[PDB]
């Protein structure tokens, strides 16, 4: 294809950490939307696959991730959102992950995080970055419009539930999630909001989130949801982890964070989760690029 050559050089160009032009970015997002529209709210994913968490614009650390777990399309990846904001390279980071999706839609899944919205990208840097790197708001338009299309959750081999945030008191089953309309700005409240905002915590039952959006859920809720939906594990991100990954709720839930040494301050490791040919999990911890 004439357009595969084009895509291939874009990927090559982006791996050198060089941004695409406004015109190119526009085409990329248009063709990404076509692909993403066909994707379900609970997007079906087949193991083997590697599950990743927050990148927050740390492009060189994303390259380190591919050094650890293998490059696309050889290695199958699954990203649970928060690609943009805070780092120097939200543009390059998100452009590549989108590029790869259009090129190998069966080799990657990119999920929507809470940072993948119009409201939050204007708070934590993505808007600023686009303006400074392109001279106008158009690239921010093409991306934030595209974010509306990202699937909310994923399901690997029907057994491992993946999403950015956590569970919702409004959602008992995976069918409730399929029923939802995701093709909008992340709402201020409700089931869609909770899936991208919620956290697990150490006290029982539901709890209104200190974040001001979403809920915090206890081990009994995790145990009920998993059992009720035939799930063995909820894989999620949305929180800083010193060790890269964090078990909780008696191994019903795992938190994966992929931005090492967060804010040049935290000195945390980053992690990714490899899922076997036979759905067995293992973790790879890594520090930043030298």
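Numbering follows the first chain given and starts at 1. The term rigid core refers to the maximal set of C-alpha atoms that superpose within 1.5 Å between the two forms.
- Put simply, when the other structures in 5 other deposited structures of this protein are lined up on the rigid core, the C-alpha atoms of 260-268 lie farther off than those of the other stretch, from 260-268 and 65-73.
- Once the structures in 5 other deposited structures of this protein are superposed via the core, the pair 214-222 and 86-94 is resolved in favour of 86-94 as the more displaced stretch (C-alpha RMS).
- 234-242 and 36-44 differ in mean CA B-factor, and the higher of the two is recorded for 36-44.
- Between the stretches 5-13 and 265-273, it is 5-13 that shows the larger average CA temperature factor.
- Based on the entry's C-alpha B-factors, the most elevated value among 142, 161, 197, 77 belongs to 142.
- Compared with the other modelled residues of the chain, the Cα B-factor recorded for residue 31 ranks in the highest third.
- Split the chain's modelled residues into thirds by C-alpha temperature factor. Residue 204 is in the highest one.
- Ranked against the other modelled residues of its chain, the C-alpha B-factor of residue 172 as given in the entry falls in the highest third.
- Residue 97: CA B factor lies in the lowest third for its chain, per the PDB record.
- Among all modelled residues in this chain, the alpha-carbon of residue 112 has a temperature factor (C-alpha) in the lowest third.
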